[PDB]
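The structure appears below as structure tokens.
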Amino acid sequence: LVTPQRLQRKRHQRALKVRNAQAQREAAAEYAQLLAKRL
Amino acid sequence: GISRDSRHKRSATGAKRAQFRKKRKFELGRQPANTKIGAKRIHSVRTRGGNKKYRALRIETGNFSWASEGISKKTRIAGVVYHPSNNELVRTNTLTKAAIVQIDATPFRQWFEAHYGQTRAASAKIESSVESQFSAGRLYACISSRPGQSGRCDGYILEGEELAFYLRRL
Amino acid sequence: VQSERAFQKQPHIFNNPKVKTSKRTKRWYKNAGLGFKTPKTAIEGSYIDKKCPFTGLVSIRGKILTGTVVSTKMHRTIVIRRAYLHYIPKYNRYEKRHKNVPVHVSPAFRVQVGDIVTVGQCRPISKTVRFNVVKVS
Amino acid sequence: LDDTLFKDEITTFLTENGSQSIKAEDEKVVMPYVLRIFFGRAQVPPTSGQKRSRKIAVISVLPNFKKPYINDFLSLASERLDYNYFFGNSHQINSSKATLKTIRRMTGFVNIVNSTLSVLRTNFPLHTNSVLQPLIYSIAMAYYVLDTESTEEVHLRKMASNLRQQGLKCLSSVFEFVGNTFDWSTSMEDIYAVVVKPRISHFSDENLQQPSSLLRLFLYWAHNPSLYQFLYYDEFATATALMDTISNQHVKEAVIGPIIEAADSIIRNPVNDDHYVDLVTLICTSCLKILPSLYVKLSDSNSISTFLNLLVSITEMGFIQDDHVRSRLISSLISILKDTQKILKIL
Amino acid sequence: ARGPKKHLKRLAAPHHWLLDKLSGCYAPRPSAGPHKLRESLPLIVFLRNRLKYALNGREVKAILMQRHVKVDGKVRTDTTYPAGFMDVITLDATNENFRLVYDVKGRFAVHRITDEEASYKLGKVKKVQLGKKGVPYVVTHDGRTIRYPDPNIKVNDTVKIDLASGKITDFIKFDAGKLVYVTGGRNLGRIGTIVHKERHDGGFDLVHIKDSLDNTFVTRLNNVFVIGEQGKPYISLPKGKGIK
RNA sequence: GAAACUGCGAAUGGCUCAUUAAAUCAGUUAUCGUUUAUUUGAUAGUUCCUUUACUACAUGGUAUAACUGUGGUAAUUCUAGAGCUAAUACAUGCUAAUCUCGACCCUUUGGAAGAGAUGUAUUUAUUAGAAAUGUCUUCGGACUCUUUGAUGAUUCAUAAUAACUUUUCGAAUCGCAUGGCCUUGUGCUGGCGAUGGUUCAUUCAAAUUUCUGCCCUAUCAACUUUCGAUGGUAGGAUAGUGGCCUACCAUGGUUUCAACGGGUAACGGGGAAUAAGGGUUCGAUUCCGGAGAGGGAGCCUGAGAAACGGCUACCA
Ligand SMILES: [Mg+2]
Ligand SMILES: [Mg+2]
Ligand SMILES: [Mg+2]
Ligand SMILES: [Mg+2]
Ligand SMILES: [Mg+2]
Ligand SMILES: [Mg+2]
Ligand SMILES: [Mg+2]
Ligand SMILES: [Mg+2]
Ligand SMILES: [Mg+2]
Ligand SMILES: [Mg+2]
Ligand SMILES: [Mg+2]
Ligand SMILES: [Mg+2]
Ligand SMILES: [Mg+2]
Ligand SMILES: [Mg+2]
Ligand SMILES: [Mg+2]
């Protein structure tokens, strides 16, 4: 059955994926900046 | 019934070995898959661990690579011509790694005209032998995959010293 | 070199006929480590050996032994003899003993019966061969 | 139709000269069915590795087909696109047609053409009604939507932008493969008006960084004598715009090299008409003024040589007779000093 | 055997746990986890035979299910979870923070630490490699995979890991004169400064260590753990300062 | 919350010493020679791509148990026919992004016209994997160049190009709770956990494996090789190395430093007894490791078995 809880779970999963992608991008940018500093 | 155990064999000195233990599962073997040209029949094999092996009982099409031109095309496998290990495999048209086989040349030929616009010229120049096989319409290829393991029959077109040596053998 | 039904080649080493930059066939090689100088015969050689430590897909790792060649009558491998003294405590005395080790020898080396060879362990090459000649003297 | 046996059947059933291939007599009846079948498979969304392979296989069988059947396949792609009204009138787009649905439709058509051009290359059969006529219309829609559409519909503007990017790329492809063989005298005026003309004003401002498809388009016209009529349109606006890229301060070395090579070709390819004489004077004089700054920007020895190849060209045809041409050629040369035999010969 | 074992005899258990031989017939088998079986202290032994907070296994289970025990800032409910070297065990209810460091005797010692010190741990860099998509990472002795590391970090160096975020705050290179803790062999638990690293190709490297009391000893490189600069360790040391 | 499906376990534990004489086992090596359920730590926005003629506010029986009811057999933890109904069982299948440069303005917390780029999994081929000592400046800083890592050692780690696949994966799952935005809609958004899922690493492990070491016997002196013995190459099989097997090749391999054969009331070791020391004897037996479940042979399941309180044949 379609219930609000299922919608909430789907929305949470999508938001979690987006947040993980954003955090990974930030980490990659930080590493690139550190290498730029070292070089 | 098939086992790979080294205990049944004689020792290097020539002494033979008494039965240390019963046969173990982790030292097994399975029946060979004599892949032959025909309508594709492949069945999966559950192996050690969760992995799977694909067994090619029949297969007729495979992806072959022209290394000189750095391209790969899917072509029909016509028939086996020469196999170094054993010749009854050539007689039965059994497909295995390192078997020299004949593939139809239409896709490579069409790509040749498309890329170079010739049935520029210096780059379009190829080996005399390879052009001769194109004129014949059939190309000699060496199978680089293991059909009895991965279920594929990928390979590469013979060239240069490879082609000359195998032609001498043929 | 092509003395067989099947063609001998170094796997995945591609010689592009179209470019034809150099006459010499491209040859891949490596150094085995532990200060073992790869002989020039391997670098500029034409032999092909999948079990050679300098041009084949074999790595030298583990124990390294030394011995005297006792037999060289078989193809691309030899039999060396390692001699030692075993100690008997009851008689407080030593006892001469020996063992024969078969070792794969790459064609880059020329070995006679009587010379001293240093050999390195590698993955099982055959039923009895687990070592590979890495230095001759 | 079966997915598991789809790819194997393509090789066995459709390969040219195949044992199981359709007989020549039966081609007429069966092939129309076959084209519809493959068209259905070409519409699969390529979201996974297997799906991408299926799309490649569908387009890869086209060379096996005879050219009339290949032309038929392209016609099916363009049937949904409604383009007769646009060229029926004086090249005006209907507002009703301007929708996300149509943009999605032309995007599919262009992508198929791009894939077909890659596999067929020079053998690609180009026809006005089947391919070129819808092609020009699609790029027209992208411009019309982009200018008319408001910023609120970000998605619609993005879809139009991709269509222009693919549409321009799809053009520049067909020029390079079948440009010489096909005679463009009939469609030359429309192509300039619908594609080149609207973007001419800013073309210098846009393509400074790396060569663009529209820039690659102009270079292809510069190289081939037959297509110089494109360069003659509208007081050499397309030619004039090329040097405005050069005249800009921030043109990079990637864009610079091809244009001088194109300018050299125009300089080294005489054409018998009044417009050509006007063009070369505009090409030559414009290039001479900015060249000393151009030399400083170069970072490649080969890029140095091509300027010398242009300079030596100008001397051969006697443009150095003019004092202004000679003076500006001298000014450019002293910068190069500030290949050697080529310089000495020019001196 | 036809599969992995699931029982451990008391006599077969590691000696340094100090398990009574007559209490029973079996000893806690550490479950799989960050630390190897022989170099680990399961939580049951730590809570029962060291801190004495629980009198029997069921009490330890009850304590754990209350979620009162945190290991490295994470709640663990497994009785046989393999806590090990440089592990931080926090009991909020008792306001207690412990770091597992061997004593001179060679046994894990009940070493209390402050919250500020408990906020981080030290990890020996066991491996440095590029992962998928060309992302560098370091694997430590406790099985932690940390991405985007400092390029200067190499094998055998020590990284200061913040427990809350699991990132590298600082690092210490493996070099002569650095302060070192021995985690293996008969010299287990001793502390001293490096003097020389004997390197043998194809064999086990040997490190010479000199204690504050001027004594010298040689140990395999695998048992070495860099903990800071001489006289300035990055972690509070137990009583005796790894002497004798 | 009975029953049943699903998931996991049942391959641990315990017992015995039949077979086994370089075998097991002890010490010591290697996996650059391979599998690994589970634990632990990381890890996956691919925007678009014509029939949008469109389920994702969520798809089917391509389906059944338990259950209802009709039965067979003397008998068993035997089961047939018909009728029902679920999933974290089975099989299908989607939903206006991010990043490079950036002209032009503007001179920064800057805006962005535009040119571009886009997962994994398997198979093959190919490729990468190595006198700027100047000028100015605000005295700071800027101007041009750099650009993979590790092992003793690699065809390593990793990345890229072209295709390939009866080819996978990329959450159609569940508990507790009802917070925040408003254009007041059963609108948008949102907390703490459980269970799954690709790859890598770690851990519990497993399989092979390097060197040395076993009691009596020479009235056992030659043994192994026809029916693989030693090695080469190619293939098959295997998780993988390898005569492990197959095809063709050579004639090899061990031995008076005792091979091969025979006996063993022979599982090996940590250990036990005696002895002043050298030695001699015992060790089925509380721990470690190997093998077996009346004797041979072969197997399904599963990460893990040649399992036997699992299955099939034969012998008694
Ligand atoms: Mg090592
Ligand atoms: Mg015997
Ligand atoms: Mg042995
Ligand atoms: Mg479990
Ligand atoms: Mg029924
Ligand atoms: Mg082989
Ligand atoms: Mg044979
Ligand atoms: Mg017995
Ligand atoms: Mg015993
Ligand atoms: Mg036992
Ligand atoms: Mg058993
Ligand atoms: Mg009995
Ligand atoms: Mg059995
Ligand atoms: Mg029983
Ligand atoms: Mg049992």
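Residue numbering for chain B follows Swiss-Prot, covering 2-120, 146-196 in order.
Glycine is treated like the rest: Cβ placed from N, Cα and C.
What Swiss-Prot records for B:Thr62, B:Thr107 is phosphothreonine, and it gives a large-scale study or a structure entry as the kind of evidence. The phosphoserine feature in Swiss-Prot is assigned to B:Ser66, B:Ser69, B:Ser73, B:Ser86, B:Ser154, B:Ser155, B:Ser158, B:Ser161; the stated evidence is a large-scale study or a structure entry.
Feature map: annotations from Swiss-Prot on the structure.
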residue	record	CB count, 10 Å
B:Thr62	phosphothreonine	19
B:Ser66	phosphoserine	16
B:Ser69	phosphoserine	19
B:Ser73	phosphoserine	15
B:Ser86	phosphoserine	12
B:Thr107	phosphothreonine	20
B:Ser154	phosphoserine	7
B:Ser155	phosphoserine	15
B:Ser158	phosphoserine	9
B:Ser161	phosphoserine	10
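The two recorded residues, B:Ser86 (phosphoserine) and B:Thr62 (phosphothreonine), have Cα atoms 23 Å apart. For the pair formed by B:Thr62 (phosphothreonine) and B:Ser73 (phosphoserine), distance between Cα atoms is given as 13 Å, rounded to the nearest Å. The two recorded residues, B:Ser161 (phosphoserine) and B:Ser155 (phosphoserine), have Cα atoms 10 Å apart.
Contact with chain C, taken as any Cβ pair under 8 Å, is found for the modified residues B:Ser69 out of B:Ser66, B:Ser69, B:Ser73, B:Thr107, B:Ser155.
Checking the modified residues B:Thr62, B:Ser66, B:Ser69, B:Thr107, B:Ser154, B:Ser155 for a CB within less than 6 Å of any atom of ligand 9 leaves no residue at all. Distance noted between the C-alpha atoms of B:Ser155 (phosphoserine) and B:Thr107 (phosphothreonine) is 17 Å. In this structure the alpha carbons, written CA, of B:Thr107 (phosphothreonine) and B:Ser73 (phosphoserine) are 13 Å apart.
With an 8 Å limit on C-beta distances, none of the modified residues from B:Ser66, B:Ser73, B:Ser155, B:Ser158, B:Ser161 reaches chain D.
For the recorded site, B:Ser69 (phosphoserine), the DSSP three-state label reads coil.
Put simply, of the modified residues B:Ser73, B:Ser154, B:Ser158, the one whose Cα is nearest the Cα of B:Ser66 (phosphoserine) is B:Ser73. According to DSSP, B:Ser158 (phosphoserine) sits within a helical segment.
B:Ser86 (phosphoserine) carries neither a helix nor a strand DSSP state and counts as coil.
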